[PDB]
Amino acid sequence: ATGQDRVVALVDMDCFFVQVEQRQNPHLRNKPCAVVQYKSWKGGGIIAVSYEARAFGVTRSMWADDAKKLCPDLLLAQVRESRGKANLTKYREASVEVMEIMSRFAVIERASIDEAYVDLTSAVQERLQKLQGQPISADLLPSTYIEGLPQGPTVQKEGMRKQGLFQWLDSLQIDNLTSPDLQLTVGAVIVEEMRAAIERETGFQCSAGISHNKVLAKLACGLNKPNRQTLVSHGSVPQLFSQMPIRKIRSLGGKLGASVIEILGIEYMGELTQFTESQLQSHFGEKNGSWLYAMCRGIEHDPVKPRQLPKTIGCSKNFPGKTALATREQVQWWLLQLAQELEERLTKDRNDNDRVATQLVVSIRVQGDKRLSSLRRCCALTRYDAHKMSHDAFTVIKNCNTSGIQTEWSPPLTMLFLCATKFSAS
DNA sequence: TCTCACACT
DNA sequence: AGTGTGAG
Ligand SMILES: O=c1[nH]c(=O)n([C@H]2C[C@H](O)[C@@H](COP(=O)(O)OP(=O)(O)OP(=O)(O)O)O2)cc1F
Ligand SMILES: [Ca+2]
């Protein structure tokens with residue numbers, strides 16, 4: 001079993017937030033520019049960077065003042081602030097523009113505000129039968145790269161792409177409606193169409209990866225960016241993985257990937273193939289070891305889940321440094337701010353998508369603790385009312401106040417989080 | 001520099 | 001139910 005059953009794509013909207021601001025403000029298009037939140041602290045934190053700006057070294061998580069040192073003509077759009085906090089509504093609404101188009105072509109799993117996986121297996125099958133048995137023209141794939149091609153016995157990027165595509169298509173056995181390579185190729189044609197539709201109907205450009213599973217689709221998408229798509233076939237996997245750092249594969253970018261590297265003494269994904277499955281399991285657990293054994297051979301079975309809507313709706317703000325909440329009524333006022341945005345977003349959700357959430361998650365962080373969350377508590381969510389929700393959130397966290405004073409809050413709070421969960425049909 | 005999904009327990 | 005990981 002070679003992990004070639006499915007055709008799966010990952011589509012990534014290139015520097016999406018920037019694109020959203022560039023569509024709305026044409027003065028920004030085709031310039032180095034970035035999206036920031038909170039202008040006051042060091043010019044604001046950069047959450048999205050156009051490709052022109054990235055060429056100067058500007059990255060996400062940079063302060064805008066720092067990015068301006070690297071890129072003096074950098075243009076900035078600020079995120080909308082509402083009730084003292086960054087509000088992402090405009091981007092969420094652009095994201096829904098895009099997913100609704102993608103869903104006309106295939107079933108899509110929303111992976112984040114700017115990317116979606118796409119299961120094209122069924123769509124490919126139908127296109128294959130309408131195609132009589134007729135060859136696939138290079139003209140159907142005007143922005144597609146075939147990973148690992150050209151090879152064997154031109155100095156410009158587009159010349160390379162074409163030569164690789166020619167070599168791919170010249171050897172395609174179109175007379176076999178079950179070759180996985182043919183299916184990928186038809187998958188790629190559909191994604192060219194889907195990306196043409198997204199750009200025509202929204203003005204947004206994006207990159208896509210096309211392969212046999214989600215991890216490879218995602219890896220492929222990042223290989224030829226921006227506004228390009230890449231086909232990673234099963235056959236390309238041994239050479240692709242032979243120099244591919246372990247941390248580049250989805251879910252190995254963190255502690256597990258680090259311990260795979262250290263315990264095993266390897267650097268690249270393909271070095272995993274010399275270990276038995278039992279060996280991998282003993283070091284990393286039954287699930288992880290099984291997952292690694294198959295993955296380093298290009299095989300992964302995680303399904304594209306037919307889910308175009310988030311499972312949770314969440315509202316958080318950080319209060320770092322001297323800005324940590326120290327008084328009771330301060331903590332109340334911000335919970336109320338969080339509860340109010342949440343109500344706004346919950347009501348739109350109940351009306352657009354026919355469902356109500358039923359559980360409220362409250363999470364806080366205390367100054368001096370180490371981790372994203374210090375403590376997580378839940379309670380019932382019965383009415384979309386901001387005042388009750390914030391009253392309830394306070395109720396389930398007021399005992400964390402180690403201060404004996406009634407009006408003070410120690411240790412001061414460095415993060416407040418309200419999340420609606422456990423949706424049911426409405 | 002605010003999100004969202006999921007595995008373990 | 002609560003914590004921790006991984007990612008955008
Ligand atoms: O830390 C983050 N903060 C943060 O707001 N977002 C938001 C803002 C951003 O446009 C969007 C994109 O996430 P991506 O990691 O996929 O990167 P892009 O900007 O779209 O460009 P590309 O995929 O490299 O071409 O999510 C992602 C984060 F990772
Ligand atoms: Ca993106």
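A few remarks follow.
- Taking segment A:5-28 and a reference point 7 angstrom along Cα→Cβ of residue A:227, the backbone N atoms nearer than 18 Å belong to A:12-28.
- Under a 5 Å amide H cut-off, with hydrogens placed 1.01 Å from N, residue A:111 pairs with A:116, A:117 among residues at least 5 apart or on other chains.
- Charged-residue dipole, Cβ positions (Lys, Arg, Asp, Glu), chain A about Cα centre, Debye nearest 20: 1420 debye
- With coordinates expressed along the principal axes, the C-alpha atoms belonging to segment A:1-116 extend over 52, 33, 26 Å, beginning with the largest.
- Sites residue A:80 and residue A:350 - FRET efficiency at Förster radius 22 Å, r taken between beta-carbons, to 0.05: 0.45
- Furthest towards positive pole of dipole, A:210, A:258, A:183, structure part segment A:179-260, Cβ charges: A:258
- Rg/Rg_globular for chain A, with Rg_globular taken as 2.2 N^0.38 Å and Rg from C-alpha atoms: 1.11
- Counting beta carbons within 10 Å around each of A:389, A:415 and listing the fewest first gives the order A:415, A:389.
- Separation of alpha-carbon centers, segment A:57-79 and segment A:117-171, rounded to whole Å: 37 Å
- Adding -39500 (n - 2.57) for every DSSP H run of four residues or longer, then dividing by how many residues chain A holds, sets the calculated 222 nm ellipticity at -11500 deg cm²/dmol.
- Bridge type composition, segment A:15-84 - antiparallel percent by DSSP, nearest 5: 55 percent
- Working note: Cα atoms of segment A:304-426, range along each principal axis, descending, whole Å: 47, 31, 20.
- Contour minus Cα-Cα distance for residue A:305 and residue A:268 (0.36 nm per residue): 10.4 nm
- Applying 0.36 nm per residue to the separation of residue A:379 and residue A:178 and subtracting their alpha-carbon distance, the gain on full extension is 67.2 nm.
- Stretched out straight at 0.36 nm per residue, the stretch from residue A:239 to residue A:312 would grow longer than its current Cα-Cα span by 22.3 nm.
Computed from the coordinates by the stated procedures, all read-outs in this text should not be read as laboratory data. Quick reminder, even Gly has a Cβ in these numbers, built from the backbone with ideal geometry, and neighbours come from all protein chains shown.
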